[PDB]
Amino acid sequence: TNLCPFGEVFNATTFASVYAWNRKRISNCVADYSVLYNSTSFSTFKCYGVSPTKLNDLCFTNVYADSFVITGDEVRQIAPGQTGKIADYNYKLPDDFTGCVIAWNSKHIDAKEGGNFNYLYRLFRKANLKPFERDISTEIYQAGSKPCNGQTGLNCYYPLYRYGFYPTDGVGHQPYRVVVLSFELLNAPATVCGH
Amino acid sequence: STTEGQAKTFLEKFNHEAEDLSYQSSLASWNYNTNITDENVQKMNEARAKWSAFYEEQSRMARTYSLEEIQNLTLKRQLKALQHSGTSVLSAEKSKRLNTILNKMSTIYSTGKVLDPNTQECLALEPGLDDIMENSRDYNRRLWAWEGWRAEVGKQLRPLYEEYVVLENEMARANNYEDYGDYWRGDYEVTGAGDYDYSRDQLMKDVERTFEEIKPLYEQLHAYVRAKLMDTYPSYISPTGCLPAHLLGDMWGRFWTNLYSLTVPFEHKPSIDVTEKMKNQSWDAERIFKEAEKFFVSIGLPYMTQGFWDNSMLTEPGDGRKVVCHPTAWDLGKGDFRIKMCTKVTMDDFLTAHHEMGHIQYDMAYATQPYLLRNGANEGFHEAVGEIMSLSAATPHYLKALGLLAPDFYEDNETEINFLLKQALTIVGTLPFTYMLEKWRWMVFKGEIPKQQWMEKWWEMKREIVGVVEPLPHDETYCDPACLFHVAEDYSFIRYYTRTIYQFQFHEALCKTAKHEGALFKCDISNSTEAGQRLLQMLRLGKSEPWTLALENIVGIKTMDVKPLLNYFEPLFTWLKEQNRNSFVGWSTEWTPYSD
Ligand SMILES: *[C@@H]1O[C@H](CO)[C@@H](O)[C@H](O)[C@H]1NC(C)=O
């Protein structure tokens, strides 16, 4: 009867780059999701499965809290059946997704004058990601026919790049911290319940 | 695999690098256009150096994908725009020479100073020596300021401008253009789009045809203004001669705005200038731009971003240093929009604010386009969008409903003529000036004007086309073209001509959407979402479509037409026709203020 460590997920000092999105497994604990909803400190809190008001009265065998940072414009891609750079090459939610996408504006932490470049995203990849896939490779993407020999050049570009987060950017280009909560339901008994 | 796919991949890479580099360059330029310190000049130059080198590299990269093997048209357009070296096609020596020439010319312009023979009181174009040209009625002061400017600052620019023409002609010819003027006309070019194409000399022809149609209105405005000014300058103006250049309202005669005081038709009825009422209701620049935002919102357009209000400089730096005041609208990228304008509590800056915020509205509209397609269709589409806002915002009504024109005030025949005469002094007066200046530039670049007649032909063209004569005979030592801002800092000028033509097609089609009744000049598009919806269908395009089309998305046509301009000013046309039924409409190019 211990509490779920959602605090170290949402209140984490640094988040992951979206290409290397960070997963935490949540088990053997009691969660009060209604406090996460009624925090009202979020710009996006969209549940594509259960109603956010209710999950305090539900049990699951496991919860997966994925977290990363993207641009505000890109937050619409953290959803089922979305295309674009984040949903194709970085973080692809499945079509039958049954969790919630939470996201808030992290201007006051993840941006700074001169440029916060800590955060990356994958720009090229030979094919799209499978649901909940995670690719952290830094192999040179070969756009043309000549091999790249592990160095950038003509038709050879390093796959990952950086978000330049400046405090004077537009809201579409401001850093947003994203946490996706996935609720899984196997015949296994439930180690995560509301209340 | 295919070449078009590699082109897509390369363009994506370019987009994501160029966002950051553009924001660096724009932010350094903003910090210098707001702090103006040696340090800021250095940072500005370094950011722009990184930026320009990245472009030379990326243009070399983009030429490696042949346009021949590409079919998706937006990709083709981004690659064509990316495949252009500009000044880079010159040798390193020639490019550095050209950049130093541009720098010296710009600094000569910005720091040029002359001294009142009276005392010394050196006065630079800024405030004084401009204040004179806009406020003085003393013939001698105007003449001294005009001639001293064109002698003390123009004579410095003459050899620099000669070498400038030489080098930049070499640049254009290296880019397979026939001359630098054709290199500028290449903005309106449209290729590979059936029924929508457009050539670089078709602009020549269309501009000259539209100006042929403009000439009668301008001739009668010229006759009437010459009549009023002859009333106020008896011994100085021939009734059949051309207008002396130094008596035109500003340092060049670019706009006849400041002549309203001496030329207003009905001087005993409410003159249209809220300059006082704004002062009496205690308006600041904050209120001015808030009202502009309210205007745009009333039409279906979004509010300004909060970053706009926080980062923009709307007021002369109270205790900061320098700061350039030329009203400019900044699209730094990364959703960051700002406006730099040393706003005064006047009607003039009140209209300029709507103009610049319309620029920003365009920038915000096409911000979803790829970075290479984030621009007004041609060089003019931006300025015409800016000007239709001032057209609407200057209407007696708009000022009435804004609480800046006494609601108890009748839009009678005579106030409408007064408003038309002011609007024509500003808009119509600049058209022959602009066409003539750009024509002179075009001929100098094409090589049709020899150096030893450069100015002789400058003034002939002033007498013939503009109806304006120099008050002092100028030898080729002078360089009066380079005495205007845009000439001395390498800016195309025909964009203001084409702005004025497009802005009345737009403003007609938008006033048809807004269900406006009466003469087109009294139109107000406020409170009409159908008008703004129609305008956004073009704005959001950016240049992802040849301007011909965008233009169809508003006015339905794809041609440059003066007929809307003439419909706007038709009432003042007939009134001027009546107030000249017994005057001499036209001018003789022989009379000068110095031939007796
Ligand atoms: C994070 O900190 C807030 C206090 O600002 C606290 O109310 C909350 O419980 C913490 N954890 C989460 C998951 O929000």
# chains A, B, ... in the order shown; residues from 1 in each chain; ligands from 1
>>> select_by_dssp(residues="stretch 189-358 of chain B", states="strand (DSSP E or B)", output="list in words")
residues 190, 198, 243, 244, 313, 328, 329, 330, 331, 332, 333, 336, 337, 338, 339 and 340 of chain B
>>> write_last_selection(atoms="N, CA, C and O atoms", output="CSV table (one decimal), in the first residue's frame")
chain,number,residue,atom,x,y,z
B,190,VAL,N,7.8,33.8,-63.3
B,190,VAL,CA,7.1,32.5,-63.0
B,190,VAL,C,7.4,31.6,-64.2
B,190,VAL,O,7.2,31.9,-65.4
B,198,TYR,N,5.3,34.1,-66.2
B,198,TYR,CA,5.5,35.5,-66.2
B,198,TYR,C,7.0,35.7,-66.4
B,198,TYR,O,7.9,35.2,-65.7
B,243,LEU,N,7.4,71.4,-61.2
B,243,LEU,CA,7.4,71.7,-59.7
B,243,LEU,C,8.9,71.6,-59.3
B,243,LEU,O,9.6,70.6,-59.5
B,244,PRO,N,9.4,72.7,-58.6
B,244,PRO,CA,10.7,72.7,-58.1
B,244,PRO,C,10.9,71.5,-57.0
B,244,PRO,O,10.0,71.3,-56.2
B,313,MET,N,9.8,46.4,-29.9
B,313,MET,CA,10.2,47.8,-29.5
B,313,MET,C,9.2,48.7,-30.2
B,313,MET,O,9.4,49.0,-31.4
B,328,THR,N,9.9,48.8,-39.3
B,328,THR,CA,10.1,47.5,-39.9
B,328,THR,C,9.3,46.4,-39.1
B,328,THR,O,9.2,46.5,-37.9
B,329,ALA,N,8.9,45.4,-39.9
B,329,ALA,CA,8.2,44.2,-39.3
B,329,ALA,C,9.1,43.0,-39.4
B,329,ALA,O,9.5,42.6,-40.5
B,330,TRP,N,9.4,42.4,-38.3
B,330,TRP,CA,10.5,41.4,-38.2
B,330,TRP,C,9.8,40.0,-38.1
B,330,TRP,O,8.9,39.8,-37.2
B,331,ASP,N,10.2,39.1,-38.9
B,331,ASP,CA,9.8,37.7,-38.9
B,331,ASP,C,11.1,36.9,-38.6
B,331,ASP,O,11.7,36.3,-39.6
B,332,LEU,N,11.6,36.9,-37.4
B,332,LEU,CA,12.9,36.3,-37.0
B,332,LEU,C,12.9,34.8,-37.3
B,332,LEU,O,13.9,34.1,-37.3
B,333,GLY,N,11.7,34.1,-37.4
B,333,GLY,CA,11.6,32.7,-37.4
B,333,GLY,C,11.3,32.2,-36.0
B,333,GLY,O,11.3,32.9,-35.0
B,336,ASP,N,8.6,33.8,-33.8
B,336,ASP,CA,9.0,35.1,-33.1
B,336,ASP,C,8.7,36.2,-34.1
B,336,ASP,O,9.4,36.4,-35.1
B,337,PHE,N,7.7,37.0,-33.8
B,337,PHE,CA,7.4,38.2,-34.6
B,337,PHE,C,7.5,39.5,-33.7
B,337,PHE,O,7.0,39.5,-32.6
B,338,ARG,N,8.1,40.5,-34.3
B,338,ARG,CA,8.3,41.7,-33.6
B,338,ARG,C,8.1,42.9,-34.5
B,338,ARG,O,8.1,42.8,-35.8
B,339,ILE,N,7.9,44.1,-34.0
B,339,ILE,CA,7.8,45.3,-34.7
B,339,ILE,C,8.7,46.4,-34.1
B,339,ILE,O,8.7,46.6,-32.9
B,340,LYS,N,9.5,47.0,-34.9
B,340,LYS,CA,10.4,48.1,-34.5
B,340,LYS,C,9.9,49.4,-35.1
B,340,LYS,O,10.0,49.6,-36.3
>>> residues_near_ligand(ligand="ligand 1", cutoff="8 Å", atoms="only C-alpha atoms and all ligand atoms", output="MDAnalysis selection string")
chainID A and resid 5:11 35:36 39
>>> write_last_selection(atoms="N, CA and C atoms", output="JSON list (two decimals), in the first residue's frame")
[["chain", "number", "residue", "atom", "x", "y", "z"],
["A", 5, "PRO", "N", 5.43, 6.27, -7.71],
["A", 5, "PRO", "CA", 6.48, 7.30, -7.88],
["A", 5, "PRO", "C", 6.27, 8.14, -9.13],
["A", 6, "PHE", "N", 5.08, 8.73, -9.25],
["A", 6, "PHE", "CA", 4.80, 9.65, -10.35],
["A", 6, "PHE", "C", 5.53, 10.97, -10.16],
["A", 7, "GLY", "N", 5.90, 11.29, -8.92],
["A", 7, "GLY", "CA", 6.58, 12.55, -8.65],
["A", 7, "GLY", "C", 7.93, 12.63, -9.34],
["A", 8, "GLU", "N", 8.72, 11.56, -9.25],
["A", 8, "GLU", "CA", 10.01, 11.53, -9.92],
["A", 8, "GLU", "C", 9.87, 11.41, -11.44],
["A", 9, "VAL", "N", 8.67, 11.16, -11.94],
["A", 9, "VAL", "CA", 8.44, 11.18, -13.39],
["A", 9, "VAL", "C", 8.12, 12.59, -13.86],
["A", 10, "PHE", "N", 7.08, 13.20, -13.28],
["A", 10, "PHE", "CA", 6.63, 14.52, -13.74],
["A", 10, "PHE", "C", 7.53, 15.64, -13.24],
["A", 11, "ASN", "N", 7.93, 15.58, -11.97],
["A", 11, "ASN", "CA", 8.79, 16.58, -11.35],
["A", 11, "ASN", "C", 10.27, 16.28, -11.53],
["A", 35, "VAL", "N", -5.59, 13.69, -8.86],
["A", 35, "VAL", "CA", -4.75, 14.83, -8.51],
["A", 35, "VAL", "C", -3.95, 15.29, -9.72],
["A", 36, "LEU", "N", -3.52, 14.34, -10.57],
["A", 36, "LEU", "CA", -2.85, 14.73, -11.81],
["A", 36, "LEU", "C", -3.80, 15.49, -12.72],
["A", 39, "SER", "N", -4.70, 18.95, -11.20],
["A", 39, "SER", "CA", -3.59, 19.89, -11.06],
["A", 39, "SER", "C", -3.79, 21.11, -11.95]]
>>> closest_residue(among="A:195, A:76, A:134, A:173", to="chain B", atoms="only C-alpha atoms")
A:173
>>> select_by_dssp(residues="chain A", states="alpha helix (DSSP H)", output="list in words")
residues 7, 8, 9, 10, 33, 34, 35, 36, 37, 85, 86, 87, 88, 89, 107, 108, 109 and 110 of chain A
>>> atom_distance(atom1="atom CA of residue B:320", atom2="atom CA of residue B:30")
14.0 Å
>>> interface_residues(of="chain B", to="chain A", cutoff="7 Å", atoms="only C-alpha atoms", output="PDB file with N, CA, C and O atoms, in the first residue's frame")
ATOM      1  N   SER B   1      16.205   6.858 -52.777  1.00  0.00           N
ATOM      2  CA  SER B   1      16.533   6.079 -53.966  1.00  0.00           C
ATOM      3  C   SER B   1      16.580   6.975 -55.198  1.00  0.00           C
ATOM      4  O   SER B   1      17.642   7.183 -55.784  1.00  0.00           O
ATOM      5  N   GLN B   6      16.118  12.081 -52.591  1.00  0.00           N
ATOM      6  CA  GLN B   6      17.318  12.691 -52.033  1.00  0.00           C
ATOM      7  C   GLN B   6      17.167  14.203 -51.934  1.00  0.00           C
ATOM      8  O   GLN B   6      17.679  14.819 -50.991  1.00  0.00           O
ATOM      9  N   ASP B  20      17.651  27.429 -36.986  1.00  0.00           N
ATOM     10  CA  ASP B  20      18.530  27.934 -35.936  1.00  0.00           C
ATOM     11  C   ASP B  20      19.440  29.038 -36.452  1.00  0.00           C
ATOM     12  O   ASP B  20      19.620  30.068 -35.788  1.00  0.00           O
ATOM     13  N   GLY B 307       4.665  37.009 -27.286  1.00  0.00           N
ATOM     14  CA  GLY B 307       6.050  37.341 -27.574  1.00  0.00           C
ATOM     15  C   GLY B 307       6.193  38.624 -28.370  1.00  0.00           C
ATOM     16  O   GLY B 307       7.208  39.321 -28.261  1.00  0.00           O
ATOM     17  N   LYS B 334      11.040  30.880 -35.947  1.00  0.00           N
ATOM     18  CA  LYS B 334      10.688  30.201 -34.699  1.00  0.00           C
ATOM     19  C   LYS B 334       9.515  30.889 -34.002  1.00  0.00           C
ATOM     20  O   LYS B 334       9.526  31.117 -32.789  1.00  0.00           O
ATOM     21  N   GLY B 335       8.491  31.217 -34.788  1.00  0.00           N
ATOM     22  CA  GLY B 335       7.286  31.833 -34.260  1.00  0.00           C
ATOM     23  C   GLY B 335       7.496  33.151 -33.548  1.00  0.00           C
ATOM     24  O   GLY B 335       6.634  33.571 -32.772  1.00  0.00           O
ATOM     25  N   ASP B 336       8.619  33.820 -33.790  1.00  0.00           N
ATOM     26  CA  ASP B 336       8.962  35.065 -33.109  1.00  0.00           C
ATOM     27  C   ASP B 336       8.711  36.216 -34.077  1.00  0.00           C
ATOM     28  O   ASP B 336       9.431  36.370 -35.070  1.00  0.00           O
TER      29      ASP B 336
END
>>> decode(residues="stretch 18-164 of chain A", atoms="C-alpha atoms", output="PDB file, in the first residue's frame")
ATOM      1  CA  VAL A  18      12.372  12.199 -27.750  1.00  0.00           C
ATOM      2  CA  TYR A  19      14.493   9.810 -29.834  1.00  0.00           C
ATOM      3  CA  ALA A  20      15.746   8.257 -26.573  1.00  0.00           C
ATOM      4  CA  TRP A  21      12.465   8.613 -24.679  1.00  0.00           C
ATOM      5  CA  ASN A  22      12.604   7.493 -21.043  1.00  0.00           C
ATOM      6  CA  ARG A  23      10.282   4.757 -19.738  1.00  0.00           C
ATOM      7  CA  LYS A  24       9.453   4.059 -16.088  1.00  0.00           C
ATOM      8  CA  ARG A  25       7.485   0.992 -15.023  1.00  0.00           C
ATOM      9  CA  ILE A  26       4.855   1.494 -12.321  1.00  0.00           C
ATOM     10  CA  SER A  27       3.748  -1.487 -10.209  1.00  0.00           C
ATOM     11  CA  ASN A  28       2.816  -2.457  -6.634  1.00  0.00           C
ATOM     12  CA  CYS A  29       1.484   0.979  -5.693  1.00  0.00           C
ATOM     13  CA  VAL A  30      -1.692   3.047  -5.332  1.00  0.00           C
ATOM     14  CA  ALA A  31      -2.171   6.035  -7.633  1.00  0.00           C
ATOM     15  CA  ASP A  32      -4.458   9.041  -7.253  1.00  0.00           C
ATOM     16  CA  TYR A  33      -4.799  10.081 -10.898  1.00  0.00           C
ATOM     17  CA  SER A  34      -7.470  12.652 -10.038  1.00  0.00           C
ATOM     18  CA  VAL A  35      -4.749  14.831  -8.509  1.00  0.00           C
ATOM     19  CA  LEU A  36      -2.855  14.727 -11.808  1.00  0.00           C
ATOM     20  CA  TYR A  37      -6.006  15.813 -13.642  1.00  0.00           C
ATOM     21  CA  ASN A  38      -7.135  18.498 -11.188  1.00  0.00           C
ATOM     22  CA  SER A  39      -3.588  19.891 -11.062  1.00  0.00           C
ATOM     23  CA  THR A  40      -4.729  22.010 -14.062  1.00  0.00           C
ATOM     24  CA  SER A  41      -1.047  22.892 -14.583  1.00  0.00           C
ATOM     25  CA  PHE A  42      -1.052  21.168 -17.989  1.00  0.00           C
ATOM     26  CA  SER A  43      -1.691  22.526 -21.466  1.00  0.00           C
ATOM     27  CA  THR A  44      -2.637  19.056 -22.747  1.00  0.00           C
ATOM     28  CA  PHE A  45      -4.231  16.174 -20.812  1.00  0.00           C
ATOM     29  CA  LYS A  46      -5.938  13.983 -23.426  1.00  0.00           C
ATOM     30  CA  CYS A  47      -6.860  10.377 -22.651  1.00  0.00           C
ATOM     31  CA  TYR A  48      -7.320   8.212 -25.718  1.00  0.00           C
ATOM     32  CA  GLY A  49      -8.578   5.284 -23.584  1.00  0.00           C
ATOM     33  CA  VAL A  50     -10.176   5.641 -20.100  1.00  0.00           C
ATOM     34  CA  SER A  51     -11.813   8.888 -18.825  1.00  0.00           C
ATOM     35  CA  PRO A  52      -9.348  10.956 -16.729  1.00  0.00           C
ATOM     36  CA  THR A  53     -11.997  11.501 -14.046  1.00  0.00           C
ATOM     37  CA  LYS A  54     -12.399   7.777 -13.424  1.00  0.00           C
ATOM     38  CA  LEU A  55      -9.018   5.996 -13.276  1.00  0.00           C
ATOM     39  CA  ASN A  56      -8.964   6.518  -9.524  1.00  0.00           C
ATOM     40  CA  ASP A  57     -11.525   3.687  -9.591  1.00  0.00           C
ATOM     41  CA  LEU A  58      -9.625   1.223 -11.774  1.00  0.00           C
ATOM     42  CA  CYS A  59      -6.862  -1.355 -11.452  1.00  0.00           C
ATOM     43  CA  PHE A  60      -4.128  -2.406 -13.877  1.00  0.00           C
ATOM     44  CA  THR A  61      -1.312  -4.938 -13.810  1.00  0.00           C
ATOM     45  CA  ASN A  62       1.295  -2.428 -15.058  1.00  0.00           C
ATOM     46  CA  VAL A  63       1.576   1.255 -15.946  1.00  0.00           C
ATOM     47  CA  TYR A  64       4.263   2.668 -18.250  1.00  0.00           C
ATOM     48  CA  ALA A  65       5.229   6.341 -17.910  1.00  0.00           C
ATOM     49  CA  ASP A  66       7.130   7.500 -20.988  1.00  0.00           C
ATOM     50  CA  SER A  67       8.620  10.986 -20.904  1.00  0.00           C
ATOM     51  CA  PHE A  68      10.514  13.279 -23.262  1.00  0.00           C
ATOM     52  CA  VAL A  69      10.562  16.862 -24.578  1.00  0.00           C
ATOM     53  CA  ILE A  70       9.412  18.161 -27.973  1.00  0.00           C
ATOM     54  CA  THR A  71       8.132  21.402 -29.502  1.00  0.00           C
ATOM     55  CA  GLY A  72       4.611  22.588 -28.759  1.00  0.00           C
ATOM     56  CA  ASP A  73       3.522  22.246 -32.384  1.00  0.00           C
ATOM     57  CA  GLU A  74       4.747  18.630 -32.289  1.00  0.00           C
ATOM     58  CA  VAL A  75       2.605  17.723 -29.256  1.00  0.00           C
ATOM     59  CA  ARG A  76      -0.310  16.945 -31.596  1.00  0.00           C
ATOM     60  CA  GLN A  77       1.810  14.071 -32.962  1.00  0.00           C
ATOM     61  CA  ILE A  78       1.810  12.286 -29.581  1.00  0.00           C
ATOM     62  CA  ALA A  79      -1.489  10.594 -30.425  1.00  0.00           C
ATOM     63  CA  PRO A  80      -2.802   7.486 -32.209  1.00  0.00           C
ATOM     64  CA  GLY A  81      -2.585   7.542 -35.983  1.00  0.00           C
ATOM     65  CA  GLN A  82      -0.393  10.632 -36.319  1.00  0.00           C
ATOM     66  CA  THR A  83       2.346  11.177 -38.896  1.00  0.00           C
ATOM     67  CA  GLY A  84       5.286  13.555 -38.939  1.00  0.00           C
ATOM     68  CA  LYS A  85       8.779  13.466 -37.533  1.00  0.00           C
ATOM     69  CA  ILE A  86       7.977  12.618 -33.909  1.00  0.00           C
ATOM     70  CA  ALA A  87       5.326   9.973 -34.598  1.00  0.00           C
ATOM     71  CA  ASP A  88       7.272   8.333 -37.440  1.00  0.00           C
ATOM     72  CA  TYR A  89      10.908   8.455 -36.314  1.00  0.00           C
ATOM     73  CA  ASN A  90      10.846   9.103 -32.553  1.00  0.00           C
ATOM     74  CA  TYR A  91       7.741   8.018 -30.615  1.00  0.00           C
ATOM     75  CA  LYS A  92       4.879   6.159 -32.337  1.00  0.00           C
ATOM     76  CA  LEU A  93       1.738   5.522 -30.322  1.00  0.00           C
ATOM     77  CA  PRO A  94      -0.251   2.471 -31.487  1.00  0.00           C
ATOM     78  CA  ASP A  95      -3.661   2.728 -33.102  1.00  0.00           C
ATOM     79  CA  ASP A  96      -5.357   0.849 -30.216  1.00  0.00           C
ATOM     80  CA  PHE A  97      -3.677   2.984 -27.568  1.00  0.00           C
ATOM     81  CA  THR A  98      -5.394   2.974 -24.176  1.00  0.00           C
ATOM     82  CA  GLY A  99      -3.512   5.534 -22.097  1.00  0.00           C
ATOM     83  CA  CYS A 100      -3.266   9.305 -21.615  1.00  0.00           C
ATOM     84  CA  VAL A 101      -0.983  11.953 -23.115  1.00  0.00           C
ATOM     85  CA  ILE A 102      -0.012  14.718 -20.681  1.00  0.00           C
ATOM     86  CA  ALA A 103       2.109  17.639 -21.816  1.00  0.00           C
ATOM     87  CA  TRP A 104       2.973  21.055 -20.432  1.00  0.00           C
ATOM     88  CA  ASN A 105       5.016  24.095 -21.400  1.00  0.00           C
ATOM     89  CA  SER A 106       8.580  23.899 -20.041  1.00  0.00           C
ATOM     90  CA  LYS A 107       9.802  27.298 -21.209  1.00  0.00           C
ATOM     91  CA  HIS A 108      11.139  28.278 -17.756  1.00  0.00           C
ATOM     92  CA  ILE A 109      13.422  25.196 -17.493  1.00  0.00           C
ATOM     93  CA  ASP A 110      14.255  23.821 -20.925  1.00  0.00           C
ATOM     94  CA  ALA A 111      15.096  27.100 -22.686  1.00  0.00           C
ATOM     95  CA  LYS A 112      17.773  29.726 -22.115  1.00  0.00           C
ATOM     96  CA  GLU A 113      19.321  32.668 -23.917  1.00  0.00           C
ATOM     97  CA  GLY A 114      22.109  31.551 -26.210  1.00  0.00           C
ATOM     98  CA  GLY A 115      20.230  28.307 -26.825  1.00  0.00           C
ATOM     99  CA  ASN A 116      19.397  25.143 -24.901  1.00  0.00           C
ATOM    100  CA  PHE A 117      20.475  22.391 -27.283  1.00  0.00           C
ATOM    101  CA  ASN A 118      20.457  19.469 -24.823  1.00  0.00           C
ATOM    102  CA  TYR A 119      17.336  17.984 -26.451  1.00  0.00           C
ATOM    103  CA  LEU A 120      17.534  15.952 -29.663  1.00  0.00           C
ATOM    104  CA  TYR A 121      15.143  14.407 -32.158  1.00  0.00           C
ATOM    105  CA  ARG A 122      15.626  11.978 -35.029  1.00  0.00           C
ATOM    106  CA  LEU A 123      15.149  13.559 -38.455  1.00  0.00           C
ATOM    107  CA  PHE A 124      15.802  10.667 -40.862  1.00  0.00           C
ATOM    108  CA  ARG A 125      15.255   6.913 -40.735  1.00  0.00           C
ATOM    109  CA  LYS A 126      14.960   4.205 -43.374  1.00  0.00           C
ATOM    110  CA  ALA A 127      11.472   3.223 -42.161  1.00  0.00           C
ATOM    111  CA  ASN A 128       8.853   4.244 -39.626  1.00  0.00           C
ATOM    112  CA  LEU A 129       8.894   3.094 -36.018  1.00  0.00           C
ATOM    113  CA  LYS A 130       6.724   0.291 -34.739  1.00  0.00           C
ATOM    114  CA  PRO A 131       4.462   1.147 -31.777  1.00  0.00           C
ATOM    115  CA  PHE A 132       6.553   1.941 -28.687  1.00  0.00           C
ATOM    116  CA  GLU A 133       9.775   1.328 -30.606  1.00  0.00           C
ATOM    117  CA  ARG A 134      12.918   3.146 -29.469  1.00  0.00           C
ATOM    118  CA  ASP A 135      15.860   3.769 -31.802  1.00  0.00           C
ATOM    119  CA  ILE A 136      18.933   5.450 -30.317  1.00  0.00           C
ATOM    120  CA  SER A 137      21.387   4.706 -33.133  1.00  0.00           C
ATOM    121  CA  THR A 138      23.789   7.370 -34.383  1.00  0.00           C
ATOM    122  CA  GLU A 139      24.709   5.644 -37.652  1.00  0.00           C
ATOM    123  CA  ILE A 140      25.068   8.011 -40.602  1.00  0.00           C
ATOM    124  CA  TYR A 141      21.922   7.971 -42.737  1.00  0.00           C
ATOM    125  CA  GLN A 142      22.699   7.208 -46.377  1.00  0.00           C
ATOM    126  CA  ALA A 143      20.414   9.269 -48.597  1.00  0.00           C
ATOM    127  CA  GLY A 144      22.240   8.727 -51.899  1.00  0.00           C
ATOM    128  CA  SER A 145      23.991   5.723 -53.398  1.00  0.00           C
ATOM    129  CA  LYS A 146      27.564   6.232 -52.143  1.00  0.00           C
ATOM    130  CA  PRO A 147      28.333   4.764 -48.690  1.00  0.00           C
ATOM    131  CA  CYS A 148      29.024   7.254 -45.929  1.00  0.00           C
ATOM    132  CA  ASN A 149      31.968   5.592 -44.109  1.00  0.00           C
ATOM    133  CA  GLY A 150      30.612   6.919 -40.809  1.00  0.00           C
ATOM    134  CA  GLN A 151      31.273  10.571 -41.674  1.00  0.00           C
ATOM    135  CA  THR A 152      28.869  13.279 -42.820  1.00  0.00           C
ATOM    136  CA  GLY A 153      28.921  14.640 -46.355  1.00  0.00           C
ATOM    137  CA  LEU A 154      27.244  14.567 -49.772  1.00  0.00           C
ATOM    138  CA  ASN A 155      23.903  12.779 -49.237  1.00  0.00           C
ATOM    139  CA  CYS A 156      25.162  11.597 -45.821  1.00  0.00           C
ATOM    140  CA  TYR A 157      23.668  13.275 -42.746  1.00  0.00           C
ATOM    141  CA  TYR A 158      23.944  12.449 -39.047  1.00  0.00           C
ATOM    142  CA  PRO A 159      20.491  11.131 -38.078  1.00  0.00           C
ATOM    143  CA  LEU A 160      19.849  13.071 -34.853  1.00  0.00           C
ATOM    144  CA  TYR A 161      19.648  16.844 -34.428  1.00  0.00           C
ATOM    145  CA  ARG A 162      18.974  19.374 -31.691  1.00  0.00           C
ATOM    146  CA  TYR A 163      16.074  21.588 -30.707  1.00  0.00           C
ATOM    147  CA  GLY A 164      17.256  25.165 -30.322  1.00  0.00           C
TER     148      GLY A 164
END
